[PDB]
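Novice: Please see the structure below; I have some questions.
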Amino acid sequence: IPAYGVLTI
Amino acid sequence: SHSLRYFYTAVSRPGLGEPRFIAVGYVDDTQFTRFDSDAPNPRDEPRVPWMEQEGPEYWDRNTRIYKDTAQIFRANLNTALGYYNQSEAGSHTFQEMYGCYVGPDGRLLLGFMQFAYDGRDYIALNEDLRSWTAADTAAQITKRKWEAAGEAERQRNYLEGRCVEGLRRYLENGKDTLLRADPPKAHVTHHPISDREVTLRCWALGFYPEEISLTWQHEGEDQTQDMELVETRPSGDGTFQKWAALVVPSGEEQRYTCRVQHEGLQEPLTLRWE
Amino acid sequence: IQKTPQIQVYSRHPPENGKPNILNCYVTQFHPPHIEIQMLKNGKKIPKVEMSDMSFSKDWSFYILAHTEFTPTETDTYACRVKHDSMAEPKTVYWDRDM
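Protein chains in written order, with this note's numbering: chain A, 41 to 49; chain B, 15 to 288; chain C, 9 to 107.
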């Protein structure tokens, strides 16, 4: 299962 | 050593709508999932026959994860234009690869999480999973931001936990094909170059996994310096193929042997032109 | 910023004239991801060409596998032609039975 999206850059 | 890895690509297309986002999942070297925001029906799907045990909720959940990430990547591409003072006119790419390599003790050996802008390192999670390496001054802004937000901790928790649990599960579920070893079907071909020389080509086809050793020898001596090689290449059916060639004097072909070694054998196979 | 595609053209199985086979065009190490790949039979574009999913390697460069069904004959010849911004003109590689 993929990780939840990282914070925007 | 085994791994679960995800690869993300977003590509902007000015005047053509939102960026296309593609996410691909890998167990070891095998592609097992794909999501493509441009698909007629943008949904995470299996790319392998052994993921059938998972429910509809599994793919629904993944789909929403990728849709959320696609939105983030769009924002990322827009933000990058500001950081680098670039025009809204050109296409740009933003990529991520992350995942976990697991040791035989069943625990994290190496977690990683790297980002690239336009095909170059942007920012990456260090091996300690508690700090970042920024590749340039723009990425240093991101580094400050992610440090303030405490982003590292959440990624480490994923890499050490869910990522490892997932690998374990998928490896178990795909066991019959992931962990198989199909031996190479190998043979030697012969091609005249001139009056004096000929090419001996040692072929190996239909093998899995992709690691293989093909070694030309002259009367027992290892000639791994004068071989011509091709990069191992996919057969298209999940197996691989490769060849190694040697240029030898016409009439002396019998002095050479090709040693083929692969997991699916037992002991080396020794071939020769005769 | 711009990486030039490397190309290999090869059959899935050893070619036997009259026996159905698959022809591969394996294109690697390029960036940006946008690329136009075609395969030609006797100098003419083949309409029925499947493309794998495109992914990328540890170096961030992209790769993809184009393939098509074919039955080798003694006279029919084959090529893969690739158009990519890293190159002024498209690059063609011709299938060689011996490689």
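Even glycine gets a Cβ: it sits at the ideal position worked out from N, Cα and C.
What is the DSSP secondary structure of residue 149 of chain B, counted as helix, strand or coil?
Specialist: Three-state DSSP puts residue 149 of chain B in coil, outside helix and strand.
Novice: Just by C-beta distance, which residues in the region 81-95 of chain B are closer than 8 Å to chain C?
Specialist: Cβ contacts with chain C: none found.
Novice: Have a look at residue 288 of chain B and residue 84 of chain B and give me their C-alpha separation to the nearest angstrom.
Specialist: If you take the alpha carbons of residue 288 of chain B and residue 84 of chain B, they lie about 58 Å apart.
Novice: Identify, in the order they occur along the chain, each residue of the same chain with its Cβ nearer than 6 Å to the Cβ of residue 19 of chain C, setting aside the five sequence neighbours on each side.
Specialist: The answer, listed in chain order, is 29 and 31.
Novice: Find the residues of chain C that neighbour residue 130 of chain B, judging by a C-beta separation of less than 8 Å, and give them in chain order.
Specialist: Going along chain C in sequence order, the residues near residue 130 of chain B (Cβ under 8 Å) are 68.
Novice: Would you check if the distance between the CB atom of residue 41 of chain B and the CB atom of residue 121 of chain B is smaller than 9 Å?
Specialist: Against a cut-off of 9 Å, the Cβ pair of residue 121 of chain B and residue 41 of chain B comes out as no contact.
Novice: Would you mind giving the Cβ-Cβ distance between residue 190 of chain B and residue 220 of chain B, rounded to the nearest angstrom? I have them listed as a contact below 8 Å.
Specialist: Going by Cβ atoms, the distance from residue 190 of chain B to residue 220 of chain B rounds to 18 Å, so no, they are not a contact pair.
Novice: Is it buried or exposed for residue 51 of chain C, if we count other Cβ within 10 angstroms and need 16 for buried?
Specialist: Per the 10 Å Cβ criterion, exposed.
Novice: Below 8 Å, how does it come out for the region 123-137 of chain B and the region 152-168 of chain B: are there three or more Cβ pairs, yes or no?
Specialist: Yes: at least three Cβ pairs fall under 8 Å.
Novice: Across which residues does DSSP place residue 46 of chain C in a beta bridge pair?
Specialist: C:89, per the DSSP bridge assignment.
Novice: Nearest-angstrom Cα distance between residue 44 of chain A and residue 246 of chain B?
Specialist: If you take the alpha carbons of residue 44 of chain A and residue 246 of chain B, they lie about 34 Å apart.
Novice: Distance cutoff 9 Å, beta carbons only. Does residue 248 of chain B sit that close to anything in chain C?
Specialist: It does: the Cβ of residue 248 of chain B has a partner Cβ on chain C nearer than 9 Å.
Novice: Does DSSP classify residue 25 of chain C as helix, strand or coil?
Specialist: DSSP places residue 25 of chain C in coil when its eight states are reduced to three.
Novice: Residue 73 of chain C and residue 60 of chain C look like a contact to me (Cβ under 8 Å); what is the Cβ gap, rounded to whole Å?
Specialist: Going by Cβ atoms, the distance from residue 73 of chain C to residue 60 of chain C rounds to 4 Å, so yes, they are a contact pair.
Novice: Residues in its own chain within less than 8 Å of residue 26 of chain C by CB, not counting five upstream and five downstream?
Specialist: Excluding residues within five positions, the ones whose Cβ falls inside 8 Å are 79, 80 and 81.
Novice: Short of 7 Å Cβ to Cβ, which residues in the region 49-61 of chain C face chain B?
Specialist: Listed by position, the residues of the region 49-61 of chain C near chain B (Cβ gap below 7 Å) are 61.
Novice: Enumerated in chain order, which unbroken segments of the alpha helix (DSSP H) with a length of 4 residues or greater are wholly contained in the region 109-194 of chain B?
Specialist: Counting whole runs of 4 or more residues, the region 109-194 of chain B contains the alpha helix (DSSP H) stretches 151-163, 165-174 and 176-192.
Novice: Which same chain residues, not among the five before or five after residue 76 of chain C, have their C-beta less than 8 Å away from its C-beta?
Specialist: Cβ neighbours of residue 76 of chain C beyond the five flanking positions: 30, 31, 47, 54, 56, 57 and 58.
Novice: Less than 9 Å separating the beta-carbons of residue 114 of chain B and residue 19 of chain B?
Specialist: Result yes, Cβ atoms of residue 114 of chain B and residue 19 of chain B sit closer than 9 Å.
Novice: So with CB distances below 7 Å, who are the chain D contacts of residue 156 of chain B?
Specialist: No chain D appears in this structure, whose protein chains are A, B and C.
Novice: From residue 252 of chain B to residue 102 of chain B, what distance separates their C-alpha atoms?
Specialist: Going by the C-alpha atoms only, they are around 40 Å apart.
Novice: Can you look up residue 86 of chain B in the DSSP assignment and give me helix, strand or coil?
Specialist: It is helical.
Novice: Under the three-state reduction of DSSP, which class applies to residue 61 of chain C: helix, strand or coil?
Specialist: Looking at residue 61 of chain C - three-state DSSP - the assignment turns out to be coil, as it is neither helix nor strand.
Novice: Please compile the residues from chain B whose C-beta is within a distance smaller than 8 Å of the C-beta of residue 64 of chain C.
Specialist: By Cβ distance, chain B contributes 21, 23, 109 and 111.
Novice: Report the rounded CA-to-CA distance for residue 289 of chain B versus residue 48 of chain A, giving the unit in angstroms.
Specialist: Chain B is shown only over 15 to 288; residue 289 of chain B falls outside these bounds and no answer can be derived.
Novice: With DSSP as the reference, identify every bridge partner of residue 30 of chain B, one or two as the case may be.
Specialist: Partner(s): none; residue 30 of chain B has no beta bridge.
Novice: How do the region 33-43 of chain C and the region 105-114 of chain B stand: do at least 3 beta-carbon pairs fall below 8 Å, yes or no?
Specialist: Yes, since at least three Cβ pairs between the region 33-43 of chain C and the region 105-114 of chain B fall closer than 8 Å, the two stretches touch.
Novice: For residue 33 of chain B and residue 86 of chain B, what's the separation of their Cα atoms in angstroms?
Specialist: Their backbone Cα atoms lie some 11 Å apart in a straight line.
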